[PDB]
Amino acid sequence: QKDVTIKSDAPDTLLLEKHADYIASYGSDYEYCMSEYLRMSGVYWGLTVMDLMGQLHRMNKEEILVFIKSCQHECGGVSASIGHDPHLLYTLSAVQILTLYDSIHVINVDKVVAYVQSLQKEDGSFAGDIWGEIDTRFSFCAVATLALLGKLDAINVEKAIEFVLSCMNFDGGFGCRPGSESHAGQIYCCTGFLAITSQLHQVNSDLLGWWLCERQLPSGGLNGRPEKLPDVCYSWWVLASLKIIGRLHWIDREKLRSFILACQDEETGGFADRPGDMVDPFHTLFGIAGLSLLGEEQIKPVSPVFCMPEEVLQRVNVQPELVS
């Protein structure tokens, strides 16, 4: 019922060069400084999408590596920016970036590992930081961080799996915490987690795949849960989730591709949220990643688990078996 209406003069072509220039020039504004609190992940999104486009060289490696080492704290966790507090989210993003650059010993890897280990609870869950918020988002951040580092064995993996599975719901999806409602962003985190821990046989793929594919609205866009508007973010999460579980074909690939292309800004470059809305590096990554997963030959193959070039993951020997 709730859906966006794509206009007849929205883009139907892929504007790679416009997006690269948008990302290459992003950072030289208002909501840029308002978003200092997620700078580290913001850097991940730009770097990653540039590399998916073969344009990684146009970014400032040396500068970014220094920024990273200055964001690691004495507990070993990493903050979003300098002077901000450590969190699992920005620890993931920093390790994803360090792995894009083959430069993980820029930080203290043993300290990161201990930090991630310190945040696991009795019931297998992870807190995001010392202030104790529990969320399956952080279960993914911990095992994703640890596997890019080759240190999955450092945490109680069985208890972690058990917790994530206790967050599985009547519709085959997952939420934040036990009892929490199913949501596409949480489904992505949990299916990504289960991929990494080798537990995809515990997902009801036909039931969860059905829930996922009912996300696609007549516009071709996907929403994150019932009754919501479609957008490019939810479009990445759902698709990536479907691919992990072997069910990417349960979606109308053509209609989704066209939705995503309608989200491009043909003047400024970048991707937006929904068609003709204002662009950003978050939706630029997930638009490009989404189009790569659908089979765009101009874009490098993207991992639906880590949302990083497959070729990056191949180098470091971390490639989860997916369903099918």
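In this text, residue numbers run from 1 along the sequence as written. In this text, the rigid core denotes the largest set of C-alpha atoms whose superposition between the two forms falls within 1.5 Å.
Note on 262-270 and 30-38: with rigid core alignment, C-alpha atoms in 8 other deposited structures of this protein sit farther from this form for 30-38. In a rigid core superposition of the other structures in 8 other deposited structures of this protein, 127-135 and 228-236 differ in how far their CA atoms stray, and the farther one is 228-236. Unmodelled residues of the deposited sequence between neighbouring positions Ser28 and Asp29 number 1 to 3. Look at the mean CA B-factor for 37-45 and for 56-64 in the entry; the higher one is 56-64. As the entry records it, the average C-alpha temperature factor is higher for 226-234, out of 176-184 and 226-234.
The maximum CA B-factor among the listed residues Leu152, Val106, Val116, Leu165, taken from the PDB record, is found at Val106. Remark: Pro309 belongs to the middle third of its chain, ranked by C-alpha B-factor as recorded. Among the modelled residues of its chain, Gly128 has a C-alpha B-factor that falls in the lowest third according to the deposited record. When all modelled residues of the chain are sorted by CA temperature factor, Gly246 is found within the lowest third. Remark: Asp135 belongs to the lowest third of its chain, ranked by C-alpha B-factor as recorded.
Ranked against the other modelled residues of its chain, the C-alpha B-factor of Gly221 as given in the entry falls in the middle third.
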